[PDB]
Amino acid sequence: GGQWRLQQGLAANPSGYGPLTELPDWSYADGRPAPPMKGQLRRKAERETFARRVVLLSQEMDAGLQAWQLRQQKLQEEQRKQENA
Amino acid sequence: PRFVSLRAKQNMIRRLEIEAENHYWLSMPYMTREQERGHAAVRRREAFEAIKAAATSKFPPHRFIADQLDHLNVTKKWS
Amino acid sequence: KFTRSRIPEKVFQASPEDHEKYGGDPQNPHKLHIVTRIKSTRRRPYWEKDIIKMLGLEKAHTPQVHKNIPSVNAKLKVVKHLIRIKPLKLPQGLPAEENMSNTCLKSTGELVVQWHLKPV
Amino acid sequence: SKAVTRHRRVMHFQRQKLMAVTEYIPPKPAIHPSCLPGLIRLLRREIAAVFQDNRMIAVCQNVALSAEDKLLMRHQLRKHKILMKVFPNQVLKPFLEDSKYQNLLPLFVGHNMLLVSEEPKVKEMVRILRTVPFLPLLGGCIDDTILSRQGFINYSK
RNA sequence: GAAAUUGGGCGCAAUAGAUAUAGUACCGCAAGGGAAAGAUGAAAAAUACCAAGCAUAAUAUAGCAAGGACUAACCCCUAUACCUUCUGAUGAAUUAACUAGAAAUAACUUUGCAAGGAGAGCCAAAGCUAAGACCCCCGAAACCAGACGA
RNA sequence: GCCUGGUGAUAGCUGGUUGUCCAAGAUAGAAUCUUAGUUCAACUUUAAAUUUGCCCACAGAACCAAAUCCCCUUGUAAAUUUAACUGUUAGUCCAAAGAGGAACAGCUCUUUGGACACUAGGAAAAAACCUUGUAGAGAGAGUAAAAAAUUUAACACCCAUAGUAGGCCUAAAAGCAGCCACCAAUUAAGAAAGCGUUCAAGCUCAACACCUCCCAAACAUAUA
RNA sequence: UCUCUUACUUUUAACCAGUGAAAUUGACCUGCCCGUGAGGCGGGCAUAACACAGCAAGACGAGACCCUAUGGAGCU
RNA sequence: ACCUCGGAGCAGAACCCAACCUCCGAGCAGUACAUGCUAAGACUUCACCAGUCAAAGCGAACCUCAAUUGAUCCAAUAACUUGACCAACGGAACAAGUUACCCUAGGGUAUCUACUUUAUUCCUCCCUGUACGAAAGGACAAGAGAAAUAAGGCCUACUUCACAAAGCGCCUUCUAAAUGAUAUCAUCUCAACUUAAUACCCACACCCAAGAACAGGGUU
Ligand SMILES: [Mg+2]
Ligand SMILES: [Mg+2]
Ligand SMILES: [Mg+2]
Ligand SMILES: [Mg+2]
Ligand SMILES: [Mg+2]
Ligand SMILES: [Mg+2]
Ligand SMILES: [Mg+2]
Ligand SMILES: [Mg+2]
Ligand SMILES: [Mg+2]
Ligand SMILES: [Mg+2]
Ligand SMILES: [Mg+2]
Ligand SMILES: [Mg+2]
Ligand SMILES: [Mg+2]
Ligand SMILES: [Mg+2]
Ligand SMILES: [Mg+2]
Ligand SMILES: [Mg+2]
Ligand SMILES: [Mg+2]
Ligand SMILES: [Mg+2]
Ligand SMILES: [Mg+2]
């Protein structure tokens, strides 16, 4: 029953993101935290490269529009500075 | 002869609904085609110069004295 | 003969009814798409197989970020029956280098830049 | 098999699923709509002129005869200036209330024929009706006074 | 396809190796074809365990004979034999043994030496020398020569 | 004839080709005493060198439909060249455009694209339809495709005189053997729409007055 | 011969005793109906196990006919 | 009937695309004699072979057509050149019919399952020559017969024969009404109501009407 979980903003599969799969399964009995799970390290690597891609594409879009606005402003300056003499 | 159940119609329909929303989100680009031009030419060129560079840097590995002599250890014995 | 299909432009023009249906604004549109393959490239022509490989959607049910520019939209229009597209919405900002590791893309379509595992 | 065949060709299964999904759906209202809410003036002028004409009127159930028998009755009453009139009671029920005949509203239904008159040969008409053991005299009305059949015996006598 | 000219075993060991214990037995009128097989020990003047096939020990609803299993052999569930030939009939009772990829022109890899290489001959506008690394088994009807046969 | 030899004759044909594990890998054709085969190409494989390949936007490609070519951006990561060779080819079916045939064939021949000769799930079984691909263990989870729906046909009760047996043709054919007009009376029944008679006479209609042995078992009620 | 077959004798047979083959054979724990494309696959049904004698519906098993080989041989 | 080459359709818009598919054609002719010589760059019949186009240059003036064709070797020739309906048109330097005599290599004594004791018809006669019809005509049903076949037995006779088995012999064979709604009449009602398998079988040894063996029956 995962369409319900999509209604609530959860992962459609309870083995997705969230507290069942991302907290560590075990600790030491002293209370020392375990070394991290292999799948959680892998998964954090995937999420980080995804975030880097979001930032990278966003910045290329913004730099793209700024460079276009310089080309338009300099076209208009080349219009007004050639209507003289 | 094969006939169409309610499962098949409801499945077909939910695919049609995903499709219609794909039509919606493709109807409003962030840039025009004039604005996007060359906005990523540098990164594409550097990426291909990396592909090109890994292609043209292919050569036999270094050979070492220590490996060849290290084969002598197959008759290491005790005393 | 089975050929490659052009799709007319009236198909990709939203109506205000559709702005009431989905959550979109025609002014100030979204920058990034999330694309997911939800259908197989098997039994599909080789050109659609290729476009799926270019967009980086070889694995199904795995989201991919794209730009909402007309080039990427052209490739998406070719394989729009195999994928799902949602806008990448960002409730907080795009992640800085401090919040780069601690992110999570939720199911809603939003990308949260502080992902604790505590209840609110 | 060609694209045009003599029999209806079997569709591909996704063709058939498209055809089933895109069937016509008719609109359904919340409430069913069915569960929601010249000759005439010729008879009015003609028979309304017959109202002002007659001083005396009578009527019978003149359906119980043959064609030549109604010809005999037509000639034997042609011997008088009485007139016989086969006309629908459908229009005659508003005729009576127009002519202020409240005692005559319960009179005119079923098969009937008018015997409008100014001179009573109606005793001799009874003399014609006594030889035929049927076709009774239905009550009339001389000058806004009703005639029962007993009144037809009294007045006709 | 010339010439001048030049100058004991990285074998086999009884289906192997000889056909060979023998050109015997056997087959054929004849020319001719042509086998198989033995295993003690110093002394015979000292008489284990292992192929298929069976037996000990026949069988129990159901089905390419198994697999998942299971407290439990079966019962439950899943499961269209293998090879080869076709886009998708052939051959095999079973066991043992025997039975089928042979060539280094050129290229490549690794050494040596290097405007030279090679233990004459040959190649050489980085070559030449050396090595490594590539090329199956069975099966006709026939044709010809010489014998042996009425 | 038969034997020995040439002789391990030859066979584009049949049959067969023996450890392990991984990887890459399938459908244009041209010639040929050729269509049971070969050669070249195409495709495939390894190694090497380099630099673009693929997707594509405007513009552009002729007179007498679906699309394609071309193609910067962009999204990607491949491509070409050099060296060395093997192997594969009547493919089959489905969708589409067609040709031949019977708008027959599990029929024949082209084109475009899938799928199959590679996995698994579904469709009863199931090469080719649908879902789905990259490989291991798990007594975890979310999904994809995915279950055939239908059941029929009542009908108006009456009410019918008269110019007239409408003229002409026709033995007579009268509303009904044919032509023409098709007016008219009462309140209203056509110079007639079906039976019917040689012809008639008789019956209805419109209109008047009331209005080899079937093949899951089954089940219509609990919230998707 | 047949309508239309019957009886008997011998042989064969079957049982007992001795002796003791062969073609065949992927493995078999070897059912029916319908369906598919049929002992084995699907849906139904059936179903303790085991010899002996029969039967011959099925399983499993030459002679033709056509084509091909840059295959032969013979005849005119 | 065909075998090579070209045009058009198939194959509508870059190129390509088959068929013993649909239609046309070709195997030359004419003019010129710079139809000389050279040479960047290209196209190309899906390979190769062949094919095509060509600026600049030197030298001079001041080709049309679509196809219109043939490799190598060999010949002929002083040389330049020339040589095939080699049309089976990528062409072997020169070789026919036939084989039902053809030949070879290829292509298209019961093991298992299953099984081995689940009353019809004709003619006659009667009812009846009645019913029904009106005369001609003419029933059914049920009954008696005689036959025949099939099924199951049996031997008293007959016959083949003879402690018995047989047949040619005998025996037995069991949907239609009323009523009636929808639609107050009616209406056969995919309206409701009412009305029109028994039998069979069942607990050593010797002889046997039981029997292949086993089994079975009898042995007082
Ligand atoms: Mg020997
Ligand atoms: Mg053993
Ligand atoms: Mg089972
Ligand atoms: Mg093998
Ligand atoms: Mg002699
Ligand atoms: Mg050979
Ligand atoms: Mg050959
Ligand atoms: Mg692989
Ligand atoms: Mg030839
Ligand atoms: Mg061949
Ligand atoms: Mg370009
Ligand atoms: Mg014996
Ligand atoms: Mg069958
Ligand atoms: Mg079988
Ligand atoms: Mg038996
Ligand atoms: Mg030959
Ligand atoms: Mg070419
Ligand atoms: Mg030829
Ligand atoms: Mg030729």
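Scope of the values below: all heavy atoms of this structure, side chains included, with no hydrogens, waters or symmetry mates. Lettering follows sequence order; numbering is per chain, from 1.
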Tell me whether the sugar of [N] sits north or south, going by the sign of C1'-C2'-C3'-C4' (positive is north, negative is south).
N: F:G8; answer: south
N: G:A21; answer: north
N: E:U80; answer: south
N: E:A65; answer: south
N: H:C33; answer: south

Which base, if any, makes a Watson-Crick or G-U wobble pair with [N], both distances under 3.5 Å?
N: H:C48; result: H:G90
N: E:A22; result: none
N: H:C5; result: H:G25
N: F:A95; result: F:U112
N: F:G1; result: E:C148
N: F:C210; result: none
N: H:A67; result: none
N: F:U223; result: none

Just by modelled atom types, is the [Y] backbone N or O under 3.5 Å from a matching donor or acceptor in the [X] side chain?
X: A:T21; Y: A:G16; answer: yes
X: D:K121; Y: D:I82; answer: no
X: C:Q64; Y: C:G56; answer: yes
X: C:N68; Y: B:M28; answer: yes
X: C:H61; Y: C:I38; answer: no
X: D:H12; Y: D:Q14; answer: yes

Under 4.0 Å, counting only non-hydrogen atoms across every strand here, what does [X] touch: a base, just sugar-phosphate, or nothing?
X: C:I38; value: sugar-phosphate
X: B:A55; value: base
X: B:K9; value: nothing
X: D:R6; value: base
X: B:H39; value: sugar-phosphate
X: D:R8; value: nothing
X: C:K67; value: sugar-phosphate
X: A:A11; value: nothing
X: D:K70; value: nothing

Is any side-chain N or O of [X] closer than 4.0 Å to OP1 or OP2 of [N]?
X: C:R37; N: F:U131; result: no
X: C:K49; N: F:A115; result: yes
X: C:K1; N: F:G98; result: no
X: B:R7; N: F:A144; result: no
X: C:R43; N: F:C130; result: yes
X: B:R63; N: E:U111; result: yes
X: D:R9; N: F:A96; result: yes
X: C:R6; N: F:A67; result: yes
X: C:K39; N: F:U132; result: yes
X: B:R33; N: F:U73; result: no
X: D:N89; N: F:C210; result: yes
X: B:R44; N: F:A77; result: no
X: D:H12; N: F:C130; result: yes
X: D:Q61; N: F:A209; result: no

Proximity to the side chain of [X] - top-ranked nucleotide from [options]:
X: B:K58; options: F:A48, F:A146, F:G133; value: F:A48
X: C:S40; options: F:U51, F:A147, F:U132; value: F:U132
X: C:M54; options: F:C54, F:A97, F:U51; value: F:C54

Next on the checklist: Assess the residue pair C:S107 and A:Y17 against the criterion (side chain to side chain donor-acceptor pair (under 3.5 Å)); give the C-alpha distance rounded to whole Å, side-chain angles, the decisive distance to 0.1 Å, and a yes or no.
Outcome noted: CA-CA 9 Å; C:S107 302; A:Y17 60 90; 2.7 Å; yes

Can you check whether any acceptor in the base of [N] is under 3.5 Å from a donor in the side chain of [X], or vice versa?
X: B:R37; N: F:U74; value: no
X: D:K2; N: F:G100; value: yes
X: A:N13; N: F:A141; value: yes

Item to check | Centroid separation B:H39 to A:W68 less than 6.0 Å | outcome: no

Next on the checklist: On the six-membered ring of C:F12, is C:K77 placed so that its NZ or CZ lies under 6.0 angstrom from the centre and within 45° of the ring axis?
Outcome noted: yes

Item to check | Between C1' of F:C130 and CE of D:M11, the distance in whole Å | outcome: 18 Å

Checklist entry - Is there ring stacking between B:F3 and F:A148, where the centres must be under 5.5 angstrom apart and the planes under 30 degrees? => result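 Ring-base stacking flag set for B:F3 and F:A148.
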
Checklist entry - For C:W47 and F:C55, is the gap between ring centres under 5.5 Å while the planes differ by less than 30°? => result no

Next on the checklist: Would you call the rings of A:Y28 and A:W26 parallel, tilted or perpendicular, taking 30° and 60° as the class edges?
Outcome noted: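 Ring orientation of A:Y28 relative to A:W26: perpendicular.
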
Item to check | Residue whose closest nucleotide on RNA chain F lies nearer the 5' end, D:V4 versus B:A47 | outcome: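 Comparing both residues, the 5'-ward one is B:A47.
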
Item to check | C:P70 or D:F87, whichever maps to the more 5' nucleotide of RNA chain F | outcome: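 Checking each residue's closest nucleotide, the 5'-ward one belongs to C:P70.
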
Checklist entry - Expressed in whole Å, how much space separates the P atoms belonging to H:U172 and H:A177? => result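 Roughly 44 Å separates the two P atoms.
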
